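Here is the naming used below: chain letters follow the sequence lines, and residue numbers restart at 1 for every chain. Values below: all heavy atoms of this structure, side chains included; hydrogens, waters and symmetry mates excluded.
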Amino acid sequence: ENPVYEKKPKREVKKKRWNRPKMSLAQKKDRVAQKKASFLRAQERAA
RNA sequence: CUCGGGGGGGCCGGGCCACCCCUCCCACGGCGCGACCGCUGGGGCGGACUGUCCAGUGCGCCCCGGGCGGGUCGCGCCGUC
C-alpha cells in the first residue's frame, strides 16, 4: 500500500566529543621530558 | 673677394635645443610613514591531557605587546646627459 520511506528528521545537537583527540607533538614531547625527570629524580631520592 | 672668367656672404617667417625659473603624468631605484594582508611573548575565560615533587603541555574564544620579514595599496621626499 505504501512502501515509501520518510527519513527521520535530523535535529541539531550540542557539540559533544565522546573520545579523546590525538596528543600534539608538544604534549607527546613534554610527556617524555616529565618521564625522564621523574626517573632521575627517583634515582637521586633513593641514594 | 680674385684676374666679362672665377670664389664667398646672404635674403624671412615657424618651431626646437642650449641659458634662467617654475610645472603635469609615467617608469625605475632609494628613504620615511600609514592601512590591510601577514612571519612569530604576556593576560583572561573554557576545556583536555601529562608527570613515581604540587608542577607541566596542547587546543577554542577574547585582549594586548614585542622582534622584525615580505606582499598589495596610498602617501611625502630624494636621484635620472
**Q** Roughly how many Å apart are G66(B) and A55(B), using the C1' atom of each and rounding to a whole number?
**A**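 Pairwise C1' distance, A55(B) against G66(B), rounds to 28 Å.
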
**Q** Apply the syn/anti split at 90° from 0 to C33(B) and say which one it is.
**A**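 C33(B): anti glycosidic orientation.
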
**Q** Check the distance between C59(B)'s P and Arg31(A)'s CZ and give it to me in whole angstrom.
**A**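 In whole Å, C59(B) P lies 18 Å from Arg31(A) CZ.
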
**Q** Contact class for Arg41(A) vs. all strands (heavy atom < 4.0 Å): base, sugar-phosphate, or nothing?
**A**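 Base, at least one base heavy atom under 4.0 Å.
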
**Q** Give the rounded distance in Å between these two atoms: NZ of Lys22(A) and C1' of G58(B).
**A**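 Atom NZ in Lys22(A) sits about 15 Å away from atom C1' in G58(B).
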
**Q** Pick the closest RNA chain B nucleotide for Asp30(A) and for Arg45(A) by heavy atoms, then say which residue is nearer the 5' end.
**A**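 Going by which nucleotide is closer to the 5' end, it is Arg45(A).
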
**Q** Only pairs with both distances under 3.5 Å count, Watson-Crick or wobble alike; so what is the partner of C16(B) in this structure?
**A**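 Paired with no nucleotide.
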
**Q** For the sugar ring of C53(B), does the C1'-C2'-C3'-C4' torsion put it in the north or the south range?
**A**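 Sugar pucker of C53(B) - south, given that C1'-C2'-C3'-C4' is below zero.
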
**Q** Between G43(B) and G65(B), how far is it from one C1' atom to the other, in whole Å?
**A**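 About 11 Å, rounded to a whole number of Å.
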
**Q** Figure out the NZ/P separation between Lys16(A) and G47(B), and round it to whole Å.
**A**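 It is 13 Å, rounded to the nearest whole Å.
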
**Q** For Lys16(A), is the NZ atom crowded, meaning more than 12 foreign heavy atoms sit under 6.0 Å from it?
**A**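 Atom NZ in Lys16(A) is packed in, count exceeds 12.
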
**Q** Based on the glycosidic angle (syn within 90° of 0, else anti), state the conformation of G15(B).
**A**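 This nucleotide is in anti.
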
**Q** Atom CZ of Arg17(A) and atom P of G58(B): how far apart are they, to the nearest Å?
**A**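 About 19 Å, once rounded to whole Å.
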
**Q** Applying a 4.0 Å non-hydrogen cut-off, can you work out what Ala42(A) is touching in the nucleic acid: base, sugar-phosphate, or nothing?
**A**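 Answer is base: heavy atoms of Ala42(A) come under 4.0 Å of a base.
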
**Q** For the P atoms, the ones on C21(B) and on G76(B), what distance do you get once it is rounded to whole angstrom?
**A**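 Roughly 25 Å separates the two P atoms.
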
**Q** Write down the partner of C22(B) under the Watson-Crick or G-U wobble criteria, each distance required to be under 3.5 Å.
**A**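 Across all strands, not a single nucleotide pairs with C22(B).
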
**Q** Can you see a Watson-Crick or G-U wobble pair between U40(B) and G66(B), using both distances under 3.5 Å as the test?
**A**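 A pair, by the stated definition.
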
**Q** Going by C1'-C2'-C3'-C4', which side is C39(B) on: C3'-endo/north or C2'-endo/south?
**A**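 With a positive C1'-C2'-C3'-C4' torsion, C39(B) is north.
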
**Q** Is there a side chain to side chain contact (heavy atoms under 4.5 Å, CB included) between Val32(A) and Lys28(A)? Walk through the geometry before answering.
**A** CA-CA 7 Å; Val32(A) 163; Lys28(A) 292 181 287 183; over 6 Å; no

**Q** Is there a Watson-Crick or G-U wobble partner for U2(B) with both distances under 3.5 Å, and if so, which one is it?
**A**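 The base-pairing partner of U2(B), which may sit in any strand shown, is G5(B).
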
**Q** CG of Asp30(A) to CE of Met23(A): how many Å apart, nearest 0.5 Å?
**A**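 Result: 9.5 Å between the selected atoms.
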
**Q** Quantified in whole Å, what is the P atom distance between nucleotide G60(B) and nucleotide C36(B)?
**A**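 Those two atoms are separated by 24 Å.
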
**Q** Should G74(B) and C68(B) count as paired, given that a pair must be Watson-Crick or G-U wobble and both distances must be under 3.5 Å?
**A**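 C68(B) does not match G74(B) under the WC/wobble rule.
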
**Q** If you measure from CZ on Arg41(A) to NZ on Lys36(A), what distance do you get to the nearest 0.5 Å?
**A**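 Here the rounded value is 14.0 Å.
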
**Q** Is the base of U50(B) touched by the side chain of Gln27(A) through a donor-acceptor pair closer than 3.5 angstrom?
**A**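 For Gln27(A), whose side chain was compared with the base of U50(B), there is no donor-acceptor pair (under 3.5 Å).
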
**Q** Rounding to an integer number of Å, can you tell me how far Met23(A) CE sits from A48(B) P?
**A**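 In whole Å, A48(B) P lies 16 Å from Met23(A) CE.
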
**Q** Expressed in whole Å, how much space separates the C1' atoms belonging to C81(B) and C17(B)?
**A**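 About 13 Å, rounded to a whole number of Å.
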
**Q** Taking atom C1' of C59(B) as reference, at what distance in whole Å does atom CG of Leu25(A) sit?
**A**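 In whole Å, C59(B) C1' lies 14 Å from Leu25(A) CG.
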
**Q** On a whole-Å scale, what distance lies between the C1' atoms belonging to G41(B) and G67(B)?
**A**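 One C1' to the other, the span is 10 Å.
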
**Q** For atom P, what is the distance between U40(B) and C61(B), given to the nearest Å?
**A**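 Here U40(B) and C61(B) have their P atoms 16 Å from each other.
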
**Q** Partner of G10(B) by Watson-Crick or G-U wobble geometry, both contacts under 3.5 Å, or none?
**A**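 Paired with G10(B), as far as the under-3.5 Å criterion goes, is no nucleotide at all.
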
**Q** Taking the P atom in each of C62(B) and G56(B), what is the distance between them to the nearest angstrom?
**A**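 The answer is 27 Å between these two P atoms.
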
**Q** Is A55(B) base-paired to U50(B), counting Watson-Crick or G-U wobble with both distances below 3.5 Å?
**A**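 WC or G-U pairing between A55(B) and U50(B): yes.
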
**Q** With both distances under 3.5 angstrom, what nucleotide forms a Watson-Crick or G-U wobble pair with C28(B)?
**A**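 Base partner found: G79(B).
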
**Q** With both distances kept under 3.5 Å, what pairs with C36(B), Watson-Crick or G-U wobble?
**A**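 Paired with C36(B), as far as the under-3.5 Å criterion goes, is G71(B).
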
**Q** Now, which nucleotide makes the Watson-Crick or G-U wobble pair with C59(B), with each of the two distances under 3.5 Å?
**A**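 By the stated definition (distances under 3.5 Å), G46(B) pairs with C59(B).
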
**Q** Under 5.5 Å centre to centre and under 30° between the ring planes, is that true for the bases of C11(B) and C12(B)?
**A**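 No, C11(B) and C12(B) do not stack on each other.
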
**Q** Nearest-nucleotide wise, let me know which of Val32(A) and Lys28(A) is further upstream toward the 5' end of RNA chain B.
**A**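 By nearest-heavy-atom nucleotide position, the 5'-most residue is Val32(A).
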
**Q** If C1'-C2'-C3'-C4' is positive it's north, if negative it's south, so which is the sugar of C12(B)?
**A**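 On the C2'-endo side: south.
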
**Q** Could you state the NZ-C1' distance from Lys36(A) to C53(B), rounded to the nearest angstrom?
**A**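 After rounding, the reported distance stands at 19 Å.
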
**Q** Do other residues, nucleotides or ligands put more than 12 heavy atoms under 6.0 Å from the NZ atom of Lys10(A)?
**A**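 Buried by this count: over 12 neighbours within 6.0 Å.
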
**Q** Can you check whether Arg20(A) has a side-chain N or O nearer than 4.0 Å to OP1 or OP2 of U50(B)?
**A**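 Yes.
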
